[PDB]
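Peer 1: Protein chains in written order, with full-length UniProt numbering: chain A, 51 to 92; chain B, 348 to 621, 628 to 697, 703 to 793; chain C, 942 to 950, 952 to 1215; chain D, 794 to 872, 877 to 905, 913 to 950, 952 to 1139; chain E, 1041 to 1090.
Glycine residues also receive a C-beta, built at the ideal position from the N, C-alpha and C atoms.
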Amino acid sequence: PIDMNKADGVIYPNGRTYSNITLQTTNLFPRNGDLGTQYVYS
Amino acid sequence: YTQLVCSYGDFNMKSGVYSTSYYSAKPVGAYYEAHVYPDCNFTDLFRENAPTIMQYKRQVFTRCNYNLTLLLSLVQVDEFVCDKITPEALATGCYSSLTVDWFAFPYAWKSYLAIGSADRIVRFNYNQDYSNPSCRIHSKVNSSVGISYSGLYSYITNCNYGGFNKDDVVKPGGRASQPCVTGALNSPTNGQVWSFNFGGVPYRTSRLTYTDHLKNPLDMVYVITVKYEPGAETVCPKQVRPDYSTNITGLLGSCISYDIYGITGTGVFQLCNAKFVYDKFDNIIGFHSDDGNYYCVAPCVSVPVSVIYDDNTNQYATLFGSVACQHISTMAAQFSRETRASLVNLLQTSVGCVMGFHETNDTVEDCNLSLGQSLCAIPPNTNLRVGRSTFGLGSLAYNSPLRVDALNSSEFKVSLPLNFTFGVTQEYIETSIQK
Amino acid sequence: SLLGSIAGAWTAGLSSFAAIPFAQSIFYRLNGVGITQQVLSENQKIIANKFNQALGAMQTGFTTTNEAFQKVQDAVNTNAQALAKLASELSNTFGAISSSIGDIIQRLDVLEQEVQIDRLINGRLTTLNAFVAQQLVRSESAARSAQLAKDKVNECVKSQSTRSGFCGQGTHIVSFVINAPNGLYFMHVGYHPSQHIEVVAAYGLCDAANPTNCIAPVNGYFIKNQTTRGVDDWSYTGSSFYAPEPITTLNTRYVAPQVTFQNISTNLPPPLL
Amino acid sequence: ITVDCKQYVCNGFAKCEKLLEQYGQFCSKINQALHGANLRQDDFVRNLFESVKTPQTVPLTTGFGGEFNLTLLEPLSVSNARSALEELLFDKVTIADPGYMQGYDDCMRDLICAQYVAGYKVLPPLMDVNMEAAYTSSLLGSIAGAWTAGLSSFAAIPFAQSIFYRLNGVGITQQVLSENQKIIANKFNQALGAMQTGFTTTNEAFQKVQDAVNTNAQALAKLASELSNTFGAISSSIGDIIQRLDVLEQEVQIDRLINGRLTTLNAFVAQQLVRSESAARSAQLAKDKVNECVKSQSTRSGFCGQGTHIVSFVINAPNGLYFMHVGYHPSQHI
Amino acid sequence: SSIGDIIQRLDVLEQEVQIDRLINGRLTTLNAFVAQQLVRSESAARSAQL
Ligand SMILES: *[C@@H]1O[C@H](CO)[C@@H](O[C@@H]2O[C@H](CO)[C@@H](O)[C@H](O)[C@H]2NC(C)=O)[C@H](O)[C@H]1NC(C)=O
Ligand SMILES: *[C@@H]1O[C@H](CO)[C@@H](O)[C@H](O)[C@H]1NC(C)=O
Ligand SMILES: *[C@@H]1O[C@H](CO)[C@@H](O)[C@H](O)[C@H]1NC(C)=O
Ligand SMILES: *[C@@H]1O[C@H](CO)[C@@H](O)[C@H](O)[C@H]1NC(C)=O
Ligand SMILES: *[C@@H]1O[C@H](CO)[C@@H](O)[C@H](O)[C@H]1NC(C)=O
Ligand SMILES: *[C@@H]1O[C@H](CO)[C@@H](O)[C@H](O)[C@H]1NC(C)=O
Ligand SMILES: *[C@@H]1O[C@H](CO)[C@@H](O)[C@H](O)[C@H]1NC(C)=O
Ligand SMILES: *[C@@H]1O[C@H](CO)[C@@H](O)[C@H](O)[C@H]1NC(C)=O
Ligand SMILES: *[C@@H]1O[C@H](CO)[C@@H](O)[C@H](O)[C@H]1NC(C)=O
């Protein structure tokens, strides 16, 4: 599952670099706890 | 003194220590920096067959240098409708990307292709996006430029689908979907609804042509959208600002104007130890230039200058709060004209650097010119009319208590009055305010 | 009326009023803070002269070196500034083409007039809101200061405070009140030692022959080697004025014996004989 | 705090500086409002330390308290002008260093370096730490001797004797004090010395010191941070407005940005004034407690703490004073 | 006063201006509310002390 506490699947902003801050953003993110579809190759 | 007077708007101020604003921190010279890449090749805009509105072309330009004069010098501009940008600015800014959409379109129909409309021209063909700064240019392109307009030119007038007849409407920045284009291209040009299946879904589409409205000077619409994402500019002009330098070293240690990758303003640059560096309040405090050097950036007003003023003698002195006196000489150019000249002397105090003071071991009882940290300015005994003089850099007096020592006895010392006076402690208490 | 009630405001309770001369009230006020009656009687002319000097000095006191006075002018200036802000901010043009509604109406069309007038209104509403909010902040300030003034009238003027700091510096004797612009002006007359002497004092004295019979000073000290200066020389002084006098039962109280009390043989005080 | 209003609002841009004239002498008013507020803070200090100031004192030496251990209160220079508790208090409260001396040179933390970017300055206090410490040191040395009617004399009485008289004065007989004098000193020492480990998260008086510090920080955060706001404008940057829009929309957009920056400054001044009134009230309270709890023995219930008041001590604290009231608390009854 | 009315009446550019006007007023109201609660909190602190 997506773990928001590890920032899983989070896309970093495409402009400046941010540091030692908290930013409030509305954007395309995965839902926390979401189980994606698993695909297997062999 | 004049900066003090203008900061407060008062020619007859009381004695005190006042913060002041800067009235001489003007830029001298300027620095420009931008990326240099291959040209943003715009051939596809003018030297091909014009696109239709239902199938318009889009090209996105990144990591290149553009020339807007080149686009405009080729066409006759009928109108332009810009939003959060002007053609003047469009020509010179840096962008994360530049997008151009274009198609043939009758000038007579410019009101259909408009911000408040919701005609079939907008709903099924071209729906301009407004989330990013953009400008819609209506222009006539002569055949001498290589522009051609063969084939049928058409737009979708309808494209509903399914059993609920749901209009397959184009979303801002989008285009007619493949089912709508497929349908419309097989539809009659008389505006009649044609029915077909696209995969498993039934579609009803129709189109009209505008080929008959296109003439030798071809009415074209070019929509230029520019994205701003500070720190990620890849698209810059080929033209460098006329009065700006492209080598910063001769401008260091001075207040200058600048335009660095789209960021403009004034400030003082210094060479520092290590593309934009920000503080926690989104201010740029340094940058990495393309010659490999890292620079610090400060406003031309960075030193917290305050003025110590005595209204009996009309004498004054300056405190540069929290600044070491070594650094003051180097910043002389941003201070008042008379400060600059005097810096081209200084005492270091625990509250900053002071100019116009002399050292003294004198202390102050009632301290109306406190500098802070138990430091007090002691006014000159000479009036300004005679000439300028310095303030004593003294301190707030500590009037210690009488020291009566205890005895290692069953007895004790007591201090008793031998004489005495009466005194009056005066006090004012405000009990109400003006109604 | 408040001035006329100071001398008579004496005993427990606030029910009675004594028509006592001011001078008598001062002498009792001084006695109550440690100055003995012999001292007050010998120096009564000196006390009146020093008091008069200190109080009459105020006739030339309302100057720039008088902080209490400048504070009166500042209260006045504060009220003036609040009004300056209502009168002056009307001239502002808050993003509009003009500060004048009439100029907007006669220059722009009916649609831009609404935008421009709204800009001008918003600024004028802002000014009024800012004015009300400060008056409210200043009202809270006044509520606090009015409360303080009440406490001082009741504690410094209508009575004699024993609280340090409150009612002024030094030992409080008497306060007077006059009106001031926007409030009250208090004048607290205190007793301030100008020169001191250090002497050695006892916590109490006991009869060496009768160790259970011990005394302690009231409103003063038992000090040694000041009068005659022989063996077991102990005398009493008021705590607010050095003036050694014989130890008597009027200056003392009987107390339980303590390890810090002196044991005396010679020239034993009357309370111990 | 003082603010360079012109710099704060226009950041060096001439077009803004001209548009700003349409708001009247706005910056002059801000400069005068802040100047006035700052003068008041210095007056609060001058009057507070008039109460702390003693006429006479007995010089502090080690062993000052006798049987009573006051080591934590005496100056380190006796056993630094500051006491062990006051150093401990200042070392456990988290405070950014204002950089009063050469702070500009260090920045060439963020709310401090923001001063030289945003256009505002944190000002030093009237008194330095040594002077304030000297005042509380002298106050400590006057407690034992502060006895009789009147405030004119001073008695150089050992602290231990003062405590025993203070206890006798509240109903404990002399036989009891004599029999239990070792017990009294031990219990007192326990209660007072406990403070060496008291500056923790369970100590409300202590957390209140940190909160006062945080409050000042938040006020500055609002000046430093609100500059980044785009108040209906296309950008927070005047330079970005000028280089993107034509000369007419620039005026509208710059005015939007100015209005927001003027609003921020007005909000800042108004809170400083509300907080100045708060300080005026608290400074008054501190004066009453210095004169009533420390320089004397209060008989007032509640005032000077819970239980029966015996003795108070004062050390300096960030933005104020820290009072420690030692009271007598029955633990078992008959 | 309704955001919904702005969105359904004006185009996407004027909507931003109009919504910003409406937001600014609502932010002002909230700021005014907080500032008075703070002024009234100081009043209560004084009266609680009394
Ligand atoms: C941007 O493009 C314009 C063309 O629109 C360039 O100007 C031309 O320069 C040539 C010489 O190389 C002249 O012969 C043309 O007459 C000019 N045309 C116009 C309309 O001025 C311009 O030099 C280009 N800018 C840069 C930086 O290369
Ligand atoms: C520009 O693009 C055209 C195609 O539209 C291509 O033929 C031409 O060679 C390109 N020129 C350059 C310099 O890339
Ligand atoms: C338009 O193109 C034609 C044909 O190439 C040419 O003869 C004519 O000069 C051009 N006119 C303009 C205005 O460019
Ligand atoms: C800038 O000019 C200096 C001489 O003043 C020269 O030494 C330096 O190499 C130049 N830098 C660049 C990037 O041209
Ligand atoms: C102050 O006193 C110190 C004592 O060492 C002395 O060195 C210094 O020169 C004196 N300065 C003045 C201005 O009196
Ligand atoms: C008390 O001081 C005053 C003023 O110096 C003086 O005139 C007077 O003689 C003094 N009296 C005593 C008791 O010393
Ligand atoms: C008493 O005072 C006299 C005169 O100053 C002095 O010589 C003598 O030693 C003193 N005696 C005592 C016990 O202090
Ligand atoms: C006085 O005598 C008493 C009783 O013997 C003793 O307790 C006390 O310590 C003595 N005090 C002095 C000052 O000698
Ligand atoms: C007094 O208290 C200090 C701590 O402030 C401690 O280190 C010292 O040992 C104590 N001394 C005695 C005699 O209790």
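With a threshold of 7 Å on Cβ separation, who are the neighbours of D:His-1130 within its own chain once the five nearest residues in sequence on each side are excluded?
Peer 2: Same-chain partners within the cutoff: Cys-1098, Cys-1109, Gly-1110, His-1114, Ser-1117.
Peer 1: In the DSSP assignment, find the unbroken beta strand (DSSP E) run with D:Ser-872 in it and report its ends.
Peer 2: From DSSP, D:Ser-872 is part of no beta strand (DSSP E); its letter is neither H nor E.
Peer 1: May I have all residues whose beta carbon comes closer than 6 Å to any heavy atom of ligand 5, sorted in chain order?
Peer 2: Result: B:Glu-717, B:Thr-718, B:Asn-719.
Peer 1: Return helix, strand or coil for C:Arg-1049, following the three-state DSSP convention.
Peer 2: The answer is coil: DSSP assigns C:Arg-1049 none of H, G, I, E or B.
Peer 1: For B:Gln-586, verify whether its CB is less than 7 Å away from any heavy atom of ligand 1.
Peer 2: It does: the Cβ of B:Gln-586 is within 7 Å (strictly closer) of some heavy atom of ligand 1.
Peer 1: Assess, as a yes-or-no matter, whether the stretch 466-476 of chain B is touched by the stretch 499-511 of chain B under the definition of 3 or more beta carbon pairs within less than 8 Å.
Peer 2: Contact between the stretch 499-511 of chain B and the stretch 466-476 of chain B is present, because at least three Cβ pairs lie under 8 Å.
Peer 1: Could you check if B:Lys-518 is buried or exposed, using at least 16 other CB atoms within 10 Å of its CB as the buried criterion?
Peer 2: The residue in question, B:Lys-518, is exposed, as its Cβ has fewer than 16 Cβ neighbours within 10 Å.
Peer 1: What distance in whole Å lies between the Cβ atoms of B:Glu-723 and C:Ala-1010, which are believed to be in contact at a cut-off of 8 Å?
Peer 2: Contact flag wrong, Cβ pair sits at about 17 Å.
Peer 1: May I ask you to verify whether the stretch 422-432 of chain B touches the stretch 1034-1053 of chain D, counting CB pairs closer than 8 Å and requiring at least 3?
Peer 2: Yes, since at least three Cβ pairs between the stretch 422-432 of chain B and the stretch 1034-1053 of chain D fall closer than 8 Å, the two stretches touch.
Peer 1: So residue 1092 of chain E contacts chain B; which residues on that side make the cut at Cβ distance below 7 Å?
Peer 2: For chain E, the structure presents residues 1041 to 1090; residue 1092 of chain E sits outside this window and is missing.
Peer 1: Could you check the C-alpha separation between D:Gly-1003 and D:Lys-1094 for me, to the nearest Å?
Peer 2: Whole-angstrom Cα-Cα distance: 22 Å.
Peer 1: Have a look at D:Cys-917 and B:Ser-728 and give me their C-alpha separation to the nearest angstrom.
Peer 2: Approximately 24 Å, taken between the alpha carbons.
Peer 1: Would D:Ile-1139 be called buried (16 or more neighbouring beta carbons within 10 Å of its own) or exposed?
Peer 2: It is exposed - the Cβ of D:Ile-1139 has fewer than 16 other Cβ atoms within 10 Å.
Peer 1: Compute the beta-carbon to beta-carbon distance between B:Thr-666 and B:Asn-741, rounded to the nearest angstrom, for a pair I have assumed lies under 8 Å.
Peer 2: The pair is a contact, with the Cβ atoms about 5 Å apart (cut-off 8 Å).
Peer 1: Give the DSSP-derived three-state secondary structure of B:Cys-353 in the structure shown.
Peer 2: Helix, per DSSP.
Peer 1: Specify, as a first and last residue, the run of the beta strand (DSSP E) that B:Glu-395 falls within.
Peer 2: Here B:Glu-395 belongs to no beta strand (DSSP E), and DSSP marks it neither H nor E.
Peer 1: Residue range of the alpha helix (DSSP H) that D:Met-935 falls in?
Peer 2: It spans 933-944 - the alpha helix (DSSP H) in which D:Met-935 sits, taken as one unbroken run.
Peer 1: For C:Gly-1146 and C:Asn-1152, I'd like the C-alpha separation in whole angstroms.
Peer 2: Each residue's alpha carbon lies about 14 Å from the other.
Peer 1: Of all Cβ atoms in chain B, is any one closer than 8 Å to the Cβ of D:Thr-847?
Peer 2: At least one chain B Cβ lies under 8 Å of D:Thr-847.
Peer 1: Is there at least one Cβ from chain D nearer than 8 Å to B:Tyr-756's Cβ?
Peer 2: For B:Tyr-756, the answer is yes, since a Cβ of chain D falls inside 8 Å of its Cβ.
Peer 1: Just to check, is the beta-carbon of D:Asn-840 closer than 7 Å to a non-hydrogen atom of ligand 7?
Peer 2: The answer is no for D:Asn-840.
Peer 1: Report yes or no: is there a C-beta of chain C within less than 8 Å of the C-beta of E:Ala-1075?
Peer 2: Closer than 8 Å to some Cβ of chain C, the Cβ of E:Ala-1075 qualifies, so yes.
Peer 1: Identify the residues that DSSP records as bridge partners of B:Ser-501: which are they?
Peer 2: B:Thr-556, per the DSSP bridge assignment.
Peer 1: List the endpoints of the continuous alpha helix (DSSP H) containing D:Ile-823.
Peer 2: Looking at the DSSP string, the run of the alpha helix (DSSP H) that includes D:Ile-823 is 819-845.
Peer 1: Mind checking whether the beta-carbon of B:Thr-416 lies closer than 7 Å to any heavy atom of ligand 1?
Peer 2: The answer is yes for B:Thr-416.
Peer 1: Taking 8 Å as the cut-off, does the stretch 560-567 of chain B touch the stretch 444-454 of chain B (at least 3 CB pairs, one atom from each stretch)?
Peer 2: Contact between the stretch 444-454 of chain B and the stretch 560-567 of chain B is present, because at least three Cβ pairs lie under 8 Å.
Peer 1: Where do the N-terminal and C-terminal ends of the alpha helix (DSSP H) with D:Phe-887 fall, by residue?
Peer 2: That run of the alpha helix (DSSP H) goes 881-889.
Peer 1: Helix, strand or coil for C:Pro-1153? Go by DSSP, reduced to three states.
Peer 2: If DSSP states are grouped into helix, strand and coil, C:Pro-1153 belongs with the strands.
Peer 1: Evaluate C:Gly-1180 with the Cβ neighbour count: other Cβ atoms within 10 Å of its Cβ, from every protein chain shown; 16 or more gives buried, anything less gives exposed.
Peer 2: By the neighbour-count rule (16 or more Cβ atoms within 10 Å), C:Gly-1180 is buried.
Peer 1: Any residues in the stretch 1019-1038 of chain C with a beta carbon nearer than 9 Å to a beta carbon of chain E? Which ones, in chain order?
Peer 2: Listed by position along the chain: nothing, the set is empty.
Peer 1: Show which residues of chain E have a CB atom less than 9 Å away from the CB atom of B:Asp-430.
Peer 2: Those within 9 Å of B:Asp-430 in chain E are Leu-1053.
Peer 1: Return yes when the C-beta of B:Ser-486 is under 7 Å from any heavy atom of ligand 3, and no when it is not.
Peer 2: No.
Peer 1: Runs of 3 residues minimum, wholly inside the stretch 361-412 of chain B: which ones carry the beta strand (DSSP E) assignment?
Peer 2: Fully enclosed beta strand (DSSP E) runs of 3 or longer: 363-366, 377-380, 404-408.
Peer 1: What are the boundary residues of the alpha helix (DSSP H) that includes D:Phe-964?
Peer 2: Taken as a continuous stretch (DSSP letters only), the alpha helix (DSSP H) holding D:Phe-964 covers 964-973.
Peer 1: Roughly how many angstroms separate the alpha carbons of D:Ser-1087 and D:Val-1119, rounded to a whole number?
Peer 2: Whole-angstrom Cα-Cα distance: 15 Å.
Peer 1: Using a 10 Å radius around the Cβ and a threshold of 16 neighbouring Cβ atoms, would you call C:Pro-1188 buried or exposed?
Peer 2: C:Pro-1188 is exposed by the Cβ-count criterion.
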